[PDB]
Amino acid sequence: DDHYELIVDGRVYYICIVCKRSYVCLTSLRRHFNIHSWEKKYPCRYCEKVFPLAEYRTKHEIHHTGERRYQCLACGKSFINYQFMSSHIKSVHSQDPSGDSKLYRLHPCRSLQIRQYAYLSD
């Protein structure tokens, strides 16, 4: 295909034939390989930019709307992504949101049309 398989200790890795990156999941290799082949394009709906992964485009479009989905539950401040939220909580509140810490709320995305995870609304 666009990969070969490597097997060590009875565990299978899928290896990208172009850059030789390894993947535990074949769907991950397929997702990655678009970067090489560009057989699918994900163009921004607000500007001319085009991305090789759907999620890169989504994260990018959020910047166009200015929606702040990530909210610190200690002081209420909201942030556009996980990284700014995490940086805030570690720096201002001296706490780590990783694991399940319940230190932040991820609101559903309302400023554009993306797939909605049920767990975000209740």
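Think of the rigid core as the biggest set of C-alphas that the two forms share within 1.5 Å after superposition. The first residue of the shown sequence is 1; numbering continues from there.
Student: Comparing C-alpha positions in 6 other deposited structures of this protein against this form, with the rigid core used for the fit, which stretch differs more, 48-56 or 91-99?
Tutor: Relative to the shown form, the greater RMS C-alpha distance in 6 other deposited structures of this protein belongs to 91-99.
Student: Could you check the entry and say whether 96-104 or 5-13 has the higher mean CA B-factor?
Tutor: The stretch with the larger average C-alpha B-factor is 5-13.
Student: Which has the higher mean CA temperature factor in the PDB entry, 26-34 or 79-87?
Tutor: The recorded data point to 26-34.
Student: Between 61, 48, 55, 67, let me know which has the highest C-alpha B-factor in the entry?
Tutor: Across 61, 48, 55, 67, the entry lists the biggest C-alpha B-factor for 48.
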